[PDB]
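Written out below as structure tokens is the structure these notes cover.
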Amino acid sequence: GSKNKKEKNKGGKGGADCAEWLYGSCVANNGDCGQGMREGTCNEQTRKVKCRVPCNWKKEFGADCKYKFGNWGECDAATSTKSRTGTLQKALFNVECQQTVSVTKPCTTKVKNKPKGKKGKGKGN
């Protein structure tokens with residue numbers, strides 16, 4: 001029977017930052033958009049970082065001048081394009097616009113719907 005004694009167990013450590021903080025949501029300081037602050041979350045902690053909050057979330061399109069179009073004129077199959085004239089309704093942008101302006105559209109048509117035919121081009125043979 002040989003007895004003895006020798007035990008060991010060194011070690012123990014933990015903590016440090018979250019390592020590579022991941023963020024995405026940006027907060028605007030000015031209110032609508034601009035240079036502000038940002039709060040990011042990693043695992044189960046929060047962080048602060050400076051970012052830019054540019055305006056470009058919602059959108060649709062842009063206008064210029066509005067007119068009152070009635071009924072497209074007659075299309076000329078010879079040019080496969082129609083012409084018309086619209087009267088200026090009101091100024092919403094106050095930009096440069098004439099009281100009246102013409103328009104164009106890719107329309108084509110020929111041989112009007114007029115009355116023709118007489119008992120089958122009359123008799124014959």
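Order determines the names: the first chain of the structure tokens is A, the second B, and so forth; residues in each chain are numbered 1 upward, and ligands are numbered 1 upward as they are shown.
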
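Contact shell of range 91-98 of chain A at 8 Å (only C-alpha atoms; same-chain neighbours under 4 positions omitted): residues 64, 65 and 66 of chain A.
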
Test item: residues at most 10 Å from residue 25 in chain A, only C-alpha atoms, excluding those fewer than 5 positions along its chain, as a list in words:
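Once the adjacent positions are removed, what remains is residues 37, 38, 39, 40, 41, 51 and 53 of chain A.
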
Prev. selection, N, CA, C and O atoms, output as a tab-separated table (two decimals), in the first residue's frame:
chain	number	residue	atom	x	y	z
A	37	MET	N	-27.40	59.78	-32.09
A	37	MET	CA	-26.83	58.65	-31.36
A	37	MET	C	-27.49	57.34	-31.79
A	37	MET	O	-28.52	57.35	-32.48
A	38	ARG	N	-26.90	56.23	-31.39
A	38	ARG	CA	-27.43	54.91	-31.74
A	38	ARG	C	-27.21	53.92	-30.60
A	38	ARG	O	-26.15	53.90	-29.98
A	39	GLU	N	-28.22	53.10	-30.34
A	39	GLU	CA	-28.13	52.10	-29.28
A	39	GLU	C	-28.11	50.69	-29.86
A	39	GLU	O	-29.07	50.25	-30.48
A	40	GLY	N	-27.01	49.98	-29.63
A	40	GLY	CA	-26.88	48.63	-30.14
A	40	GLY	C	-26.94	47.59	-29.04
A	40	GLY	O	-26.59	47.87	-27.89
A	41	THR	N	-27.38	46.39	-29.38
A	41	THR	CA	-27.49	45.30	-28.41
A	41	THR	C	-26.67	44.10	-28.84
A	41	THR	O	-26.66	43.72	-30.02
A	51	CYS	N	-23.79	57.66	-35.18
A	51	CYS	CA	-24.10	57.32	-36.57
A	51	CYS	C	-24.89	58.44	-37.24
A	51	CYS	O	-25.33	59.38	-36.58
A	53	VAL	N	-28.23	59.65	-39.45
A	53	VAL	CA	-29.60	59.28	-39.75
A	53	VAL	C	-30.15	60.11	-40.91
A	53	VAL	O	-30.94	61.04	-40.72

List every residue of range 13-118 of chain A that DSSP, applied to the backbone of this structure, places in strand (DSSP E or B), and write the result as a PyMOL selection string.
chain A and resi 27+34-42+45-53+67-68+76+81-88+100-105

Output file for the residues above (C-alpha atoms, as a short mmCIF file (atom, residue, chain, number, x, y, z; two decimals), in the first residue's frame):
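What landed in result16.cif:
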data_model
loop_
_atom_site.label_atom_id
_atom_site.label_comp_id
_atom_site.auth_asym_id
_atom_site.auth_seq_id
_atom_site.Cartn_x
_atom_site.Cartn_y
_atom_site.Cartn_z
CA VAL A 27 -31.58 57.38 -33.48
CA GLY A 34 -29.36 63.96 -39.00
CA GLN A 35 -26.27 63.16 -36.95
CA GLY A 36 -27.40 61.59 -33.69
CA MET A 37 -26.83 58.65 -31.36
CA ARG A 38 -27.43 54.91 -31.74
CA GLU A 39 -28.13 52.10 -29.28
CA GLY A 40 -26.88 48.63 -30.14
CA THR A 41 -27.49 45.30 -28.41
CA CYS A 42 -25.14 42.32 -28.17
CA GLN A 45 -26.01 44.08 -23.18
CA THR A 46 -26.42 47.56 -24.66
CA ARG A 47 -23.96 49.93 -26.33
CA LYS A 48 -23.78 53.49 -27.66
CA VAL A 49 -22.34 54.64 -31.00
CA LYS A 50 -22.44 57.76 -33.17
CA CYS A 51 -24.10 57.32 -36.57
CA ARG A 52 -25.83 59.32 -39.30
CA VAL A 53 -29.60 59.28 -39.75
CA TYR A 67 -53.26 70.47 -66.35
CA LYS A 68 -56.85 69.64 -67.30
CA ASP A 76 -52.91 59.56 -86.95
CA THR A 81 -49.00 59.33 -82.50
CA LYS A 82 -51.83 61.49 -81.15
CA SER A 83 -51.86 65.16 -80.15
CA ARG A 84 -53.87 67.16 -77.62
CA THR A 85 -53.98 70.42 -75.68
CA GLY A 86 -54.30 70.83 -71.92
CA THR A 87 -55.31 73.99 -70.07
CA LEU A 88 -53.35 75.01 -66.97
CA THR A 100 -51.75 76.19 -72.44
CA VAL A 101 -49.62 73.23 -73.51
CA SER A 102 -49.84 70.41 -76.05
CA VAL A 103 -49.36 66.70 -75.38
CA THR A 104 -48.51 63.54 -77.31
CA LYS A 105 -49.33 59.83 -77.01
#

Which residue is closest to residue 72 in chain A? Choose from A:54, A:21, A:120, A:107 and count only C-alpha atoms.
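Among the listed residues, the smallest separation from residue 72 in chain A belongs to A:107.
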
Using Å and a single decimal, report how far CA of residue 61 in chain A sits from CA of residue 29 in chain A.
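Here the two named atoms are 27.3 Å from each other.
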
How far is it from CA of residue 109 in chain A to CA of residue 79 in chain A, in Å with one decimal?
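It comes out at 9.5 Å.
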